[PDB]
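Novice:
Residue numbers (the deposited numbering), protein chains in the order written: chain C, 12 to 32, 48 to 64, 79 to 163; chain B, 3 to 60, 68 to 123; chain A, 4 to 62, 69 to 122; chain D, 18 to 72, 82 to 112, 128 to 168, 173 to 227, 235 to 262, 271 to 401.
1. From A:112, A:118, A:82, pick the residue whose C-alpha is nearest to that of residue 18 of chain B; which is it?
2. Please tell me whether residue 37 of chain A has its Cβ less than 9 Å away from any Cβ of chain D.
3. Pick helix, strand or coil for residue 56 of chain B, following the three-state DSSP scheme.
4. If you compare alpha carbons, which of C:22, C:15, C:162 is closest to residue 113 of chain C?
5. Compare the beta carbon distance of residue 59 of chain D and residue 35 of chain D with 9 Å and say whether it is the shorter of the two.
6. What residue does the alpha helix (DSSP H) around residue 82 of chain A start on, and which one ends it?
7. When you compare the CB positions of residue 217 of chain D and residue 146 of chain D, do they come within less than 9 Å of one another, or not?
8. For residue 51 of chain A and residue 36 of chain A, what's the separation of their Cα atoms in angstroms?
9. Taking 9 Å as the threshold (C-beta atoms), are residue 319 of chain D and residue 352 of chain D in contact?
10. Give a yes or no on contact between the segment 199–214 of chain D and the segment 327–338 of chain D, applying the rule of three or more CB pairs nearer than 8 Å.
11. Whole angstroms is fine: what's the gap from residue 94 of chain D's alpha carbon to residue 181 of chain D's?
12. When every heavy atom of the ligand MG is checked, does at least one fall within less than 8 Å of the C-beta of residue 117 of chain C?
13. Give the C-beta separation of residue 24 of chain B and residue 88 of chain B to the nearest angstrom, bearing in mind that I take them to be a contact with Cβ-Cβ under 8 Å.
14. Check whether the Cβ atoms of residue 123 of chain A and residue 4 of chain B sit closer than 9 Å, and answer yes or no.
15. Specify the secondary structure class of residue 377 of chain D as computed by DSSP and reduced to three states.
16. Comparing the C-beta of residue 32 of chain D with each C-beta of chain C, is any distance below 9 Å?
17. I think residue 348 of chain D touches residue 310 of chain D, with their Cβ atoms under 8 Å apart; what is that distance to the nearest whole Å?
18. Taking DSSP as the reference, what is the three-state secondary structure of residue 57 of chain D?
19. Tell me, please, whether the CB atom of residue 47 of chain D is closer than 9 Å to any CB atom in chain A?
20. In angstroms, rounded to a whole number, what distance separates the CA positions of residue 6 of chain A and residue 11 of chain B?
21. For a contact meaning CB atoms closer than 7 Å, what does residue 85 of chain B contact in chain A?
22. Considering Cα atoms alone, identify which of D:82, D:392, D:214 is closest to residue 109 of chain D.
23. Could you compute how far the alpha carbon of residue 346 of chain D sits from the alpha carbon of residue 223 of chain D?
24. Nearest to residue 78 of chain A by alpha carbon, out of A:58, A:70, A:60, A:103?
25. According to a CB-to-CB cut-off of less than 8 Å, which residues of the segment 96–118 of chain C neighbour chain D?
26. Below 8 Å, how does it come out for the segment 36–54 of chain D and the segment 149–161 of chain C: are there three or more Cβ pairs, yes or no?
27. In the DSSP assignment, what residue or residues form a beta bridge with residue 395 of chain D?
28. Looking only at its chain, what residues have a beta carbon closer than 6 Å to the beta carbon of residue 276 of chain D, apart from the 5 residues adjacent to it on each side?
29. Pull up the distance between the alpha-carbon of residue 139 of chain D and that of residue 362 of chain D, whole angstroms please.
30. Hey, could you find the ends of the alpha helix (DSSP H) residue 343 of chain D is sitting in?
31. Would residue 383 of chain D and residue 241 of chain D qualify as a contact pair, given that the criterion is a beta-carbon distance under 9 Å?
32. By alpha-carbon positions, which one of D:299, D:274, D:128 ends up nearest to residue 196 of chain D?
33. Using a C-beta to C-beta distance shorter than 8 Å, which residues of chain A count as neighbours of residue 64 of chain B?
34. With DSSP run on the structure shown, which of helix, strand or coil describes residue 139 of chain C?
35. Whether or not the segment 378–394 of chain D and the segment 283–292 of chain D are in contact is what I'm after, with contact meaning three or more pairs of Cβ atoms, one per stretch, closer than 8 Å; do they touch?
36. Grouping DSSP H, G and I as helix and E and B as strand, with all else coil, what is residue 132 of chain C?
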């Protein structure tokens, strides 16, 4: 569905190679094509991908879903690097308000989980 | 200066190889007739494991007291250093070990399920 | 289904076989190395070497390339699971273990010294 | 769809949290049940050793580098050169900087051999300090035993050694034994007659163990450790001899994945020993091992012999005296600890 003829845009992908030997048809595959054409610390993210992923959060998550469906390791790695970078430096409450994640826990479970891992709060 | 290469897997590998020879019936020397059924084994391994066979050998016909169900796991244990036991045959294997005086086994294993 | 695992049965059986061959009882293989006689078993020698597996199966004099000084440690290993190297027979033992391709012996024991 | 991605697609959450360091990982552990499972399972894959070098310097350096560590330590190992650390306040500061459940081992030595952090391929240097953050690896069960010199008592009860995993342990492979203010010989000879690799030396003092004298070390228990050791004795005095002995060690065929090369040198050798040259053993180690970070110290005395212990075979020298083989002086001991895979 509105797929480019050249196979080099799908060589990086793994899922297509299964039946060779589709999610949605919005601009996501155009972004994937653009990406294809051009310690695990995330501070060394390439500039082109970093400035190419300036889309909104919803578009970023849609791209993450498309990359996971396409099994594109490079694009998934870059998107996860971006998400981790935008996650780092934020407390769990800040993260939950940012992502609007509803709480399905209980207060003593929270007490024991943030007690069991209390080395990190030190500076 | 004299060194000494010590191998922790040579004995297990030799036992596995001997089990392979016994299963394929190649270089098997001693035939044991239990309840009219024939079992192939190596004379050296049988004499090494059980002192009863050690005295008997130095066509074995086992007495009617023992049973094939209590002797078949014992050959596998002798050739592999591992014994498989069930609820029905635990006493059979126990008295077979007692009669054959098989070495390196622990009676605690028998008494745990008894 | 209690599957007991004996942790000494392999070593104990190998040592019993070593005692058996040391007393020259129940052995059925005579090996002639430089005119010297060695008593051993068909199964034990076949199960610890590739050349011995080939020659013994289907039926022993080793060629001139084998020395007694190089075959005593090898049979000692094949019957006791430990191989002894001296600074005189180390080269001969290495040559004999390359010829016979004795199992469970790593060549790291030769150059590393 | 924002919450859906991180609440229903566990693989995406796992791959995102992989890039999160251990500290932020334990922060986000309490985000949700799915996030808790993801952080626990990511921690399950944290099996690689991580070291924080310092080319006191190291104590603050790790404080800066504890936010970029991707593993949660269980048995921390660290060493420090003499005059920089020396002064128990710095030891307490490094003690409080690690998790409560994290057992911490700290040594003070006359010299420190360490490679730059990040990648093991970096060329090591000799002298500061370093660190070694062993996580909770599956199978491997390092325990930093300590035995202090009693004033009146002189013997070592067997329960003391069995509790710390030295004796009554059929899985122990490597014992790292260091001696400070040196009783060392008796403790070593208590378990020197085992099928284990014994490498270590004589150090200045012990910093952290959650003055005096005794034996401080680690017991690399587990059934996947495959180690080796060589003794660059007085016959090794130049680059060619050191490279020859390094080839001898490389002949042992110890895997370089998840492996530390512990160089247990002598304080009296080194630049003052080798004629018009420096960094000879470290250079040879890096030449024959383009990986395997080089650690250890410059000890007063050395403990170790030419041994090879793996999961399949042991190559130990036969000796008339059990403990005469191990203890050395003015030698080199390049142990190669490998922690399975």
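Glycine is no exception: its CB is placed at the ideal position from the N, C-alpha and C atoms.
Specialist: So, from the listed chains and residues:
1. A:112
2. no
3. helix
4. C:22
5. yes
6. 77–89
7. no
8. 17 Å
9. yes
10. no
11. 18 Å
12. Of ligands this structure carries none, so the ligand MG is not represented either.
13. 6 Å
14. No statement about residue 123 of chain A is possible, as the shown extent of chain A runs from 4 to 122 and does not include it.
15. strand
16. yes
17. 5 Å
18. helix
19. no
20. 20 Å
21. Residues of chain A passing the Cβ test: none, with the nearest at roughly 11 Å.
22. D:82
23. 24 Å
24. A:103
25. 97, 98, 101, 102, 104, 105, 108, 116, 117
26. yes
27. D:322
28. 191, 223, 258
29. 30 Å
30. 341–348
31. yes
32. D:274
33. Missing from the coordinates is residue 64 of chain B; the shown part of chain B jumps over it, going from 60 to 68.
34. helix
35. yes
36. helix
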